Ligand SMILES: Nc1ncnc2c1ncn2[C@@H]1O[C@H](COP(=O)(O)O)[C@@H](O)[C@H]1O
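In the block that follows, a single chain appears as structure tokens, in the form deposited without the named molecule.
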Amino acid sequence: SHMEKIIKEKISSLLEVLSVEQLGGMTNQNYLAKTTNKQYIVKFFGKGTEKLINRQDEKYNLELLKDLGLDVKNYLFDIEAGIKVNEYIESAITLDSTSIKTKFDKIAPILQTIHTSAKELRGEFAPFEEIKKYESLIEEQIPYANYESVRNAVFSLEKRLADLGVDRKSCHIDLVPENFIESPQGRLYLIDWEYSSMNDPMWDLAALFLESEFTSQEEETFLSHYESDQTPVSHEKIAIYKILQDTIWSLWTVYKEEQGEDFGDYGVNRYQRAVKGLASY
């Protein structure tokens, strides 16, 4: 297999490869390389995700955040090749929408650490600008019902956020539960910092809550772990960022599906939840 061979030549500089396995997620460009000694996570990136992710920026941000010890080790990051190679924590457990709700005392400290880090990431996340970005990148008509009316309801939140005050801190930006992994010592790592950018920390909170479908009670309990003098909490900003997230990810989905991918109902389901969020708000 040619893909199998390419991986062997990309990682031999770090060494007896016994196995290469295709990994899921939301990018088919992920592989697991098993060696005699160690196991490696091999990530590819080429054409589609450029125009989305600045890889030079990502490389800087990886180097930047290393001392926080939140992410796993990165061995290789070569933009030329389009190759990323990370440490694979063997016998580590990936969190999901159920198990994440048992880990508040570990997740809250992780989020406090990044949000209060004073780290200056390359990249600013300006959600309305991001919406404009995806709109520009999408070639066909956006397939979602009532889009022009929804878009304009969403854009009315910009003034609201401005009135509420927008903070600018280092954020992960993509707190799906599978981005948390627990090692045997019970240490939680937060991985996959590809979208990471300066933003309001309430974005990260909204993402955590939304991706795992936190109940109102679970949100309040999590906020009691998280809220502090250095980490203030705005419930309204969270509600607004949930809508912006559903909007942005639904558009991301349309773009990705034009670039080859198929995510079933993922896009429409997120879009419709944005519409519901707008009606409740």
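Note that residue numbering begins at 1 and tracks the sequence as displayed. If you superpose the two forms and keep the largest set of C-alpha atoms that fall within 1.5 Å, you have the rigid core.
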Of the deposited residues between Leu15 and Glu16, the number without coordinates is 4 to 9
Can you let me know which of the two, 186-194 or 88-96, has the higher average C-alpha B-factor in the entry? 88-96
Higher-B stretch (mean Cα B-factor, as the entry records it), 74-82 or 143-151: 74-82
Top residue by Cα temperature factor, when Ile238, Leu251, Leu32, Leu68 are compared in the entry: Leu32
Please work out which residue in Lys256, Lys242, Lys59, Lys38 has the highest C-alpha B-factor recorded for this crystal structure. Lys38
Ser224, C-alpha B-factor rank within chain (lowest, middle or highest third): lowest
Chain-wide C-alpha B factor ranking for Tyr266, given as lowest, middle or highest third: middle
Entry-reported C-alpha B-factor of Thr27 relative to its chain, by third, is highest
Per the entry's values, where does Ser212 land by CA temperature factor relative to the rest of its chain, in the lowest, middle or highest third? middle
If you rank the chain by CA B-factor, which third does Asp246 end up in: lowest, middle or highest? lowest
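What comes next is about the form deposited with the named molecule bound, which is not displayed.
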Quick check on this chain: which one of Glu130, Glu158, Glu87, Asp167 has a heavy atom within 4.5 Å of the named molecule in the deposited complex? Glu87
If we test each of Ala92, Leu137, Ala145, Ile79 for a heavy atom within 4.5 Å of the named molecule in the deposited complex, the one that passes is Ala92
If contact means any heavy atom within 4.5 Å, which of 145-153, 92-100, 111-119, 158-166 contacts the named molecule in the deposited complex? 92-100
Candidate spot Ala126, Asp200 and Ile243, all three in 4.5 Å heavy atom range of the named molecule in the deposited complex? no
Does any part of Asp192 reach within 4.5 Å of the named molecule in the deposited complex? Heavy atoms only, please. yes
Any non-hydrogen atom of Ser234 within 4.5 angstroms of the named molecule in the deposited complex: no
Just to confirm, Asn179 within 4.5 Å of the named molecule in the deposited complex by heavy atoms? yes
Is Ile41 close to the named molecule in the deposited complex, meaning a heavy atom pair under 4.5 Å apart or at it? yes
With the two forms aligned on their rigid core, point out which item of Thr215, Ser228, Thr221, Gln39 shifts its C-alpha by 2 Å or more between the shown form and the other one. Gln39
Displaced residue check between the shown form and the other one: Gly82, CA, 2 Å or over, core reference: yes
Rigid core fit then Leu65 CA moved by 2 Å or more between the shown form and the other one: no
Can we say the CA of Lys10 moves by at least 2 Å between the shown form and the other one when the core is superposed? yes
What happens to the Cα distance from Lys169 to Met26 in the deposited complex: does it get closer or farther than here, with a change of 3 angstroms or more? farther
Answer with closer or farther for the CA-CA spacing of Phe45 and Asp192 in the deposited complex compared to the shown form; it moves by 3 Å or more. closer
